[PDB]
Amino acid sequence: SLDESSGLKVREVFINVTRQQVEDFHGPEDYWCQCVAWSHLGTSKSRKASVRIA
Amino acid sequence: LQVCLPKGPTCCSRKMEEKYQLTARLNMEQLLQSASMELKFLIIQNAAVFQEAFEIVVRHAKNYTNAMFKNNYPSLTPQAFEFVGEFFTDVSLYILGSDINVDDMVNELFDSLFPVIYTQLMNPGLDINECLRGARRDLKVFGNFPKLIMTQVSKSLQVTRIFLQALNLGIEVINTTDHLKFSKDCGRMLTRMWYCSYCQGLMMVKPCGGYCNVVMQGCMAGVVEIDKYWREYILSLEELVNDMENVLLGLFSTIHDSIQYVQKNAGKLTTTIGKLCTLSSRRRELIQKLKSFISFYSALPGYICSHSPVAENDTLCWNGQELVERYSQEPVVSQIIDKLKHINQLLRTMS
Amino acid sequence: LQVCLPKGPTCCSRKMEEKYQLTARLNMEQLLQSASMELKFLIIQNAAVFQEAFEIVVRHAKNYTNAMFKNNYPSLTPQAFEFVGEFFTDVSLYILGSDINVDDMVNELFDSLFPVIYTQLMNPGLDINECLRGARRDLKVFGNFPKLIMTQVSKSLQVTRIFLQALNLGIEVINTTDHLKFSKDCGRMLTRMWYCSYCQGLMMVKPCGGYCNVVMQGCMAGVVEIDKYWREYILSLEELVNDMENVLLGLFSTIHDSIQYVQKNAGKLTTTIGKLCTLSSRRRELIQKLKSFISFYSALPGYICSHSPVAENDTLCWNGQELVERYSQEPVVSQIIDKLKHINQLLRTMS
Amino acid sequence: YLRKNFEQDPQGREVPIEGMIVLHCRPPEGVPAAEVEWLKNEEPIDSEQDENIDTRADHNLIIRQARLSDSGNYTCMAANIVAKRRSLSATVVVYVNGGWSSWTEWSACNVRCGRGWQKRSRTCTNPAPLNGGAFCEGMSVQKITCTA
Ligand SMILES: *[C@@H]1O[C@H](CO)[C@@H](O[C@@H]2O[C@H](CO)[C@@H](O[C@@H]3O[C@H](CO)[C@@H](O)[C@H](O[C@H]4O[C@H](CO)[C@@H](O)[C@H](O)[C@@H]4O)[C@@H]3O)[C@H](O)[C@H]2NC(C)=O)[C@H](O)[C@H]1NC(C)=O
Ligand SMILES: *[C@@H]1O[C@H](CO)[C@@H](O)[C@H](O)[C@H]1NC(C)=O
Ligand SMILES: *[C@@H]1O[C@H](CO)[C@@H](O)[C@H](O)[C@H]1NC(C)=O
Ligand SMILES: *[C@@H]1O[C@H](CO)[C@@H](O)[C@H](O)[C@H]1NC(C)=O
Ligand SMILES: *[C@@H]1O[C@H](CO)[C@@H](O)[C@H](O)[C@H]1NC(C)=O
Ligand SMILES: *[C@@H]1O[C@H](CO)[C@@H](O)[C@H](O)[C@H]1NC(C)=O
Ligand SMILES: *[C@H]1O[C@H](CO)[C@@H](O)[C@H](O)[C@@H]1O
Ligand SMILES: *[C@H]1O[C@H](CO)[C@@H](O)[C@H](O)[C@@H]1O
C-alpha cells in the first residue's frame, strides 16, 4: 500500500490461524503471536496478540 | 552445657553445641533423603508418565471421533466438532480430579447431538432447538446407548482418577519422610551420638552400634508405625491394577451405532416431533518394582545406623557421654497415617 | 442561645433552654400517647379476645373428639385420650405462632391411632408397635382421610395464625408511634413554638395555627408516609375477615369415618400385618370500629396542633421568635413501612 | 412433652485438613432439658477418647483438626424420659487443596547439535488432593529450547 499523508511504502500482512491450531497447541503460555517489521535501518516488534479458545 | 553431658573439662561452649545440633539435623535429613531418593524418583516418574499417557489417549480418542464424524456425517459438522471437544475436555477435567458428573457429560453430549441430526439428516429445512433437546430425553430416541456409554466410561474414568490420586499421595508421603522433624530429646541424643565426642577432644571415635540402635528406636518410634499402612497401600494398589483406553477408543463406534439406531425410526420420529414441537506393561512394571519397597518403613532405622559412621564391634566406641570399651545397653506421622488410611479405603472399595 | 432566637433581651439562659427542650420532649410524647391510646387499646383488647376464643374452640373440639371416642370406641381408650390431647396441644401451639408442621401433626395422630386399633379392634390379643406404625404408612390403611384432614385443618389454622400475627403487628406499630424521636431541628422548633415566648417575658401567648402547621409538617415528614401502608393494612384485614371452628368440630366425624374405612378391610389387613410384624360478629365489630381509624397517620399533625395551646385565630400569636399581629408564613419509620408491606402482602395472598 | 422438630439441625460443612469446624445443635423443646448426644455415622462418639473432639455445655461439637476426626455423617440426637428425637444428619467432608511442588532440574539436550530440549517437572503433591480436593492450577511441565 501507499499512504496518502506521505508517499512511503506501507505494508499490510494478514495471517489466518484455525481453531485446530490453538486446541492442538500444548505450550506453556497462551497461544500468542508477534509482528516483526523489517527496515533499511533495523527491525521493530509489535504487541503480543494471544489468540485463545473461549 | 545442655546437650553434651560434661563429665569433666570440655573444648566446646553452648554456641558450638548449637552448631553441632544443626549439623546433626542436616546429616539426619541427608540420610533420610539418600534412603528415600530412589523410590521417590520411581513414583514421580510413573506419576508424570501415566498423566501424560492418559492425556495422549484422550486427545487421540477426541480427534479420532472428530475424523469419524467428518468422514461419515459431514452434515453434522462443525457442530459435532464443538460438542465433541466439550465432552472430551470435560473427560480430561474429570480425569484431573475436578468435580464432574459423567452421566451429565453423556446427557449434554446427546442433547447437543440430537437437534443437528434432526435438522441436517432427517428434516433438511433452529429456534425450536430446546424443544428438540427435550424430545431427545422425553422420547428416549437414542435407546440404551446413553446408559451403556455412561457405565462404560464412568467405571474406567473413576478407577483412573483414583489411581492418579494414589500416585500423588504416595509421592507426598515419601517426600514428607525425609523432612520429618523429631523431638528435642531425639535431637540431643543424635548430637551426643555424632558430635559430642569432639567436645571431649576425641578425633576419630565413632558411636557404638547398639547405642545407634537404641537412639534410632527412640527417635523413629512413630515412624515405624507407618509400615502396616504402607504395606496395605501397596497391596491395595496391586489389587486395583489387576481399561480407560479401550472405552475412550470405542466411544466413536458406539456413537455411530447410536446415530444409525436413531435414523432407523426417522419415519415416525420426524412426524411425532413436528407434532409435539504398553500402558498395561507400565502399570505391571511399576507394581513389580514397588513390591520391592514394601519394607521401606521397617528397614529405615537399620539403614540409618548402617549408612552412618558406627563402631559395629562395640569396642572403643562413644556411648553418648564417654569413651567405653564395651557398650552396656507424632503429628506429621499421624498425617501420613491418615492420608494412607484414606487412600487404602478408596483402593479397597474400588476392587 | 442556640434555640430561642434572641431578638433583644431574654429571661432565660442556656440551661433554662435545655430545660424547655426536655419539657417539650415530654409534652410531645404525652400528646402522641393520648392520640394513639384508643386504637392501641382496641387492638390489644381484640387480640386478647380472639386468642382466648380460639383456645376455647380448640379445647371444645378436643373434648368433643374425646367424647366421641369414649362413646363409639371405648376399646381404644385411654390411648385415644393421650394422642387426641397431643394433637390438640400441637394445634393450640401452631395457632400461637410456634414452628409446627400440620402434616406432621396428622401423621403422628394416625400413627398413634392405628396400632391400638390393630391390637384392640382387629386382633384382640406391643414391642413390635413401631412395625405397626410403619404398616400404617406403607399400606396406606387410612386411604385419603389423612390428606383430606391435612388440607382442611392447614387452611383454617394458617388463616387464623396470620390473623393473630396481623393483629400483633398492628399493636407493635401503633405502640412504636408514641416513642418516635425526632431530629434536633424539629426539637428546637417545638421548643421555639411552645416555650421560647417565656424567655421573652410573655405569660399567655400561644403559637400561631399556621406556624404549628408548618412546624408539624416539618416534624411529621416521614410519619405521614405511613398513611398509605396503614390504610392498605386496614383494607387487607377487612378482605381477610370476609373457618377454624368448623374444621376442628368436623374432625371427629372425619376420624370416625376413617376408623370405619380401616375396619372395612380388616380381613386382609390383619393377615398381612400378622405375617409382616358470635366469633364472626366479633371480627365484623373489630373491622367496623377499625375502619374509623383509617386516617390515623394522616390526621395526626392536625390532632397535635388542635390538642395543643394554639392561636387558631392567627391574631396576636407566637411565630417562633416574636409576637406578631398576623403570621406571614426515618429509620424507625422505614421499619414500620417494611413490616406493614410484609403483613399486607400476606393478607393479599391469603384471600 | 418432647417435640419432633429440632430447634436447630447440624449443618454439613467442607473443611480443610487443618481447618476447625463447630457443629451446632439446639434440641427440641421439652421438660426435662433434652440430653444431646453426638453420633458419627449412627455410632456415638466419646469426647474423652480424643483431644480433638470435646462436648460443650451448650451442645456443640468442636473439631480443631480434620486429621484426628475425619469425614462422616454426624447426627445430633436428643434423649429424654419421654422419648428420643433424631436431627438431620450433617455430611461433613474434609477436602484437601492441591499444592505445587518445586521446579526440578533441567534435562540434558536430547539433540547433540542444533535444536535441543530441556524439561522441568512440577508435580501436584505438596499437598496432593484428597477426598475430591481441587487439583493444582496451571501447567505441570516446562520445556525450553537449547543450543549445544
Ligand atoms: C517436599 O518437602 C520439601 C520440604 O518441605 C518441600 O520444599 C519446600 O517447597 C516449598 C514450595 O511450596 C517452599 O515454599 C515456598 O517458599 C517460597 C519462598 O518463600 C514461596 O515463594 C512459595 O510461595 C508460593 O506458594 C505459597 C503457598 O501459600 C503462596 O502463598 C505464594 O504466593 C507462592 O505461590 C512457597 O511458600 C519451601 O521453601 C521449600 N522448603 C525448603 C526448605 O526449601 C517440597 O515442596 C516438598 N515437595 C516436593 C515434591 O518436593
Ligand atoms: C486428526 O487426525 C487425522 C489423521 O488420523 C489428521 O489427518 C487430522 O489433521 C487430525 N485433525 C485434528 C483436529 O487434529
Ligand atoms: C567384632 O569383630 C569380630 C572380628 O572377627 C567379628 O567376628 C564380630 O562379629 C564383631 N562383633 C559384632 C557385634 O558384630
Ligand atoms: C368434657 O369434659 C368433661 C370432664 O369433666 C366431661 O364430663 C364432658 O362429658 C366433656 N364434654 C361434653 C360436652 O360432654
Ligand atoms: C378572634 O379574635 C377576635 C379579637 O381579635 C375575637 O373577638 C374573637 O372572639 C376571636 N375568635 C376566635 C374563634 O379565635
Ligand atoms: C448422609 O446422610 C444423608 C441423609 O441425612 C444421606 O442422603 C447420605 O447418603 C449420607 N451420606 C453418607 C456418606 O452416609
Ligand atoms: C502454585 O502456583 C502458584 C505459583 O505460580 C501459587 O498460586 C501457589 O504457590 C500454587 O500452589
Ligand atoms: C520454579 O521456577 C522459579 C525459579 O526459577 C520459581 O518461581 C519457583 O521456585 C518455581 O518452583
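Residue numbering for chain C follows Swiss-Prot, covering 62-186, 192-308, 315-349, 383-434, 456-477 in order.
Determination method: X-ray crystallography, 4.1 Å.
Including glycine, each Cβ sits where the backbone N, Cα and C put it.
What Swiss-Prot annotates here:
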type	residues	note
DISULFID	C:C65-C:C262	disulfide bond
DISULFID	C:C73-C:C265	disulfide bond
DISULFID	C:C197-C:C349	disulfide bond
DISULFID	C:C252-C:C285	disulfide bond
CARBOHYD	C:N124	N-linked glycosylation site
CARBOHYD	C:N241	N-linked glycosylation site
CARBOHYD	C:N418	N-linked glycosylation site
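Sequence-distant contacts of C:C73 (disulfide bond), defined as residues of its own chain at least six apart whose C-beta falls under 8 angstroms from its C-beta, comprise C:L62, C:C65, C:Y81, C:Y264, C:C265.
Spatially, by CA atoms, the recorded positions C:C197, C:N241, C:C285 include one closest to C:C262 (disulfide bond), and that is C:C285. The 10 Å shell around the Cβ of C:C265 (disulfide bond) contains 22 further Cβ atoms across the protein chains shown. Between the candidate disulfide-bonded residues, C:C197, C:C252, C:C262, the densest Cβ environment within 10 Å is the one around C:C262.
With the fewest other Cβ atoms inside 10 Å of its Cβ, the least crowded of the disulfide-bonded residues C:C65, C:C285, C:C349 in this structure is C:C349. Close contacts with ligand 5, defined as a Cβ under 6 Å from any of its atoms, occur at C:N418 among the recorded positions C:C65, C:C73, C:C252, C:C262, C:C285, C:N418. Around C:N241 (N-linked glycosylation site), a 10 Å sphere centred on its CB holds 14 further CB atoms from the protein chains shown. When the C-alpha distances from C:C252 (disulfide bond) to the recorded positions C:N124, C:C197, C:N418 are tabulated, the minimum falls on C:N418. In the three-state DSSP scheme, C:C65 (disulfide bond) is classed as coil.
Each of the glycosylation sites C:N124, C:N418 was scored by other CB atoms within 10 A of its CB, and the lowest score goes to C:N418. C:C262 (disulfide bond) falls within a helix when secondary structure is assigned with DSSP. Taking the C-alpha positions, the distance from C:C285 (disulfide bond) to C:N241 (N-linked glycosylation site) comes to 19 Å.
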